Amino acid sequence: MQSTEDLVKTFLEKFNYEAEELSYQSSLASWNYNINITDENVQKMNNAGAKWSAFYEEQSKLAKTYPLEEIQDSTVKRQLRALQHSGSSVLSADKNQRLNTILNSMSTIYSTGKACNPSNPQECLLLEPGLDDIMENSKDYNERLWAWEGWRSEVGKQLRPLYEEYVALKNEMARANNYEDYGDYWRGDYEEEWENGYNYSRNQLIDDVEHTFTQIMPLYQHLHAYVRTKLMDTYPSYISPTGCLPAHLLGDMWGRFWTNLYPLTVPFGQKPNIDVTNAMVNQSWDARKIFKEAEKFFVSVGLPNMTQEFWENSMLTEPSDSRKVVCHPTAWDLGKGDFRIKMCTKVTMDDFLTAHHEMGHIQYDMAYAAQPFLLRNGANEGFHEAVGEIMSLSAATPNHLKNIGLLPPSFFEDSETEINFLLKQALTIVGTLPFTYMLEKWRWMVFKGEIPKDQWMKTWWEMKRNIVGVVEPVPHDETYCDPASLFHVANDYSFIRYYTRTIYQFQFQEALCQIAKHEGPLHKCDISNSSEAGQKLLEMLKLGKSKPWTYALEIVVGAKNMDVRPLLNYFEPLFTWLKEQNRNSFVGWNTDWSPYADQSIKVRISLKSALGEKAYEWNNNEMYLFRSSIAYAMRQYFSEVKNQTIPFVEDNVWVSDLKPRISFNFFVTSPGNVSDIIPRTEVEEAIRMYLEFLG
């Protein structure tokens, strides 16, 4: 006499009240660890986390008992769909912890792996802060080369065997969950089956990402062409005005953001951009003044004040005493009305705008706090960091800084400073989209099985050249796993999170400013003192995950899908300026070019029998003897012609454009100096003294 939906509603009310408490104990144990790192707080975190996990997996199996088909209510269907999702609960105890063994291994190898300087083997540098300091600050071609190649050789090669068993187990897990692959498993974040109209497919995410990207590529090419022209003045002798950009000159280890190339590509370095760090320390600004003035910004747009529990339990300063703390900035929704922010706040402009960003996460958390426990999250995986970023966009404006006293009433922004601002934004916002687009498409192909493991790197670099316009400084065979050199890849983190969020920011931003009656360019808007904008924004923040993200997006923008047009509208003043700066330039890259094809030797392997006969048919270790044979020829050459004892090894012979069993190119570098490529005719001389060679 009681319907199944009535049985699951009773079951969910039974789940909600202990899940809300067990999740509060796990976060409180994790919070006390993050603000006080000890050896008994780690176990308290691991104990409460294991108790919270074991309870969730227990209810997750009892949730599959209820058929999702016989439930016509919609808000209740979402809690089951989120609870009936096993995850890795579908695998054997053998395969599960072997999978956990790989993920833990890939994390420590990433966080503890080092790269040693070829000039001093005793100077072995970690990524943070060692290698990142080099890749984010240095302008030396060779210094960035050994750090770029070293990180991917010493540490990246160790992740290749781990990532191969990783892809196999995660796909094996996803297929048991009735998914296509692990990439299709990730794309279920955006999948929606509502009644009609507000639906969303998983294959549709593939189509929408590609459609938006070809609308971004025009803006990216002129930015790529401009940065290429400006780095010629920084790196002459190393880049060609027609080919791709070397991977180790893009501002960081992977080229994720081009922000650190701003001093080299500044449009008008004569004029500095707006920095309010000095204006704050002269005004006696402290950590509480930053958050209280950030609090007055959200209440000015119609959002509630911060809780008093937020001002007593949050840690907004680094402890003065002996207390090691994690203070990578995070916003915490512990539950039961407990919201705090953990941050080593300094009196700087960057820490000023991140405060508005992390407080934006808090306002989002407090809004959907009235929803059931299984619906207390963003509409999709990109709404949270997008809502926080539109707060810093309006807070960093000259209009807002003019109102809070950090910039004088005698302020006027000229034509050049906004070109400086929009480019520094483009190096961070526009420069990461092709990198974010290609990394996920690569992992989507690998999970799907479209790219075999014997061509993982050969395809990875073909798309960096074609999609991102970035070329390897040295060729990487199938012993490298360069994608795994990123934090999000070696730690099982989805990366399309940062691509859709970027589209979601300016989609929200343009819609909120038209409500605020903003006139002029979009990068000049400020939603401050606009109640009708924040309350319209608060309408979506209340929904959380109770409604499909196409519905939640339409409540704010008036459209149910990703629209890149607001993003291109945000950078139109710069896109208009880059085109006139690129008239006498090349817009685009030639995929053929490389920093080493200038001195490499084409080689055509002799097919002494029909192709397809493994009688001889050179393979990987026949290439090993070849690279050792040329290494021997280079040893005799320098010793007999130059009286120089130089220990060439197979690792000095780099093979590129390798088509197995048929053809390849190769060049030679000096030991300990991958920057020093041996001249080609000097190498061809060593081969003549001791297949086809084209010349």
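Numbers follow the displayed sequence, beginning with 1.
Where coordinates are absent for parts of the deposited sequence, a chain break appears; between neighbours residue 690 and residue 691 it spans 10 or more residues. Here the stretch with the larger average CA B-factor, out of 315-323 and 290-298, is 315-323. The stretch with the higher mean CA B factor, choosing between 538-546 and 231-239, is 231-239. Of the candidates 619, 307, 509, 111, the PDB record gives 619 the highest C-alpha temperature factor. Across the residues 137, 79, 215, 466, the deposited record lists the maximum Cα B factor for 79. For residue 655, the recorded CA temperature factor ranks within the lowest third of the chain's modelled residues. Annotation for residue 677: CA B-factor lies in the lowest third of the chain's modelled residues. When all modelled residues of the chain are sorted by CA temperature factor, residue 65 is found within the highest third. When the modelled residues of the chain are ordered by their C-alpha B factor, residue 666 lands in the lowest third. Placement of the Cα temperature factor of residue 345 within the chain: highest third of the modelled residues, per the deposited record.
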